[PDB]
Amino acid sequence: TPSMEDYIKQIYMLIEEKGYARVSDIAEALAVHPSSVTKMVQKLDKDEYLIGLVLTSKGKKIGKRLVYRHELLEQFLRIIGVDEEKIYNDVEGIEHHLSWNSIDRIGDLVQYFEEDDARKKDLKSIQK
């Protein structure tokens, strides 16, 4: 689910940032009460994404994938000229509704612009 992915992402990011994931930090990162974190952490444990709390290899794999996908979509929206202020909220929504196929094709397109700057200028010219 979207929520589960939001949690796994924030947990992975805290562990990379701090070395551990506190319930209070997850709650602060997701703007939720810790009782919701506690209840969700018990599901993630049940579904073997985690064992403070430690991500299993399964949990680590998904976390890293979600971070990559967020970063990819940010650079996609940035490349096509979306106002920087708007990018995060858009990515945070759309990330959960894109198939791997779309993600990978968005990947190729990001690569398409990056390998020749003229392409970027031509895209900019249309926006005029």
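Position 1 is the first residue in the sequence shown; the rest follow in order.
Trainee: Can you count the deposited residues that have no coordinates between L98 and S99 and report it as none, 1 to 3, 4 to 9, or 10 or more?
Mentor: Unresolved stretch here: none.
Trainee: Which has higher Cα B-factors on average according to the PDB entry: 102 to 110 or 9 to 17?
Mentor: Stretch with the higher mean C-alpha B-factor: 9 to 17.
Trainee: Tell me which of 32 to 40 and 89 to 97 has the higher mean C-alpha B-factor in the deposited entry.
Mentor: So the stretch with the higher mean C-alpha B-factor is 32 to 40.
Trainee: Per the entry's values, where does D83 land by CA temperature factor relative to the rest of its chain, in the lowest, middle or highest third?
Mentor: It falls in the middle third of the chain.
Trainee: Sorting the chain's modelled residues by C-alpha B-factor, tell me whether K61 ends up in the lowest, middle or highest third.
Mentor: Middle third, going by the recorded CA B-factors of the chain.
Trainee: Select lowest, middle or highest to describe the third in which the CA B-factor of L73 falls within its chain in this entry.
Mentor: Tercile = lowest for this residue's CA B-factor.
Trainee: Please place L55 in the lowest, middle or highest third of its chain by C-alpha B factor as given in the entry.
Mentor: Middle third.
Trainee: Looking at the entry's B-factor column for C-alpha atoms only, identify whether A27 ranks in the lowest, middle or highest third of its chain.
Mentor: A27: CA B-factor falls in the highest third of its chain.
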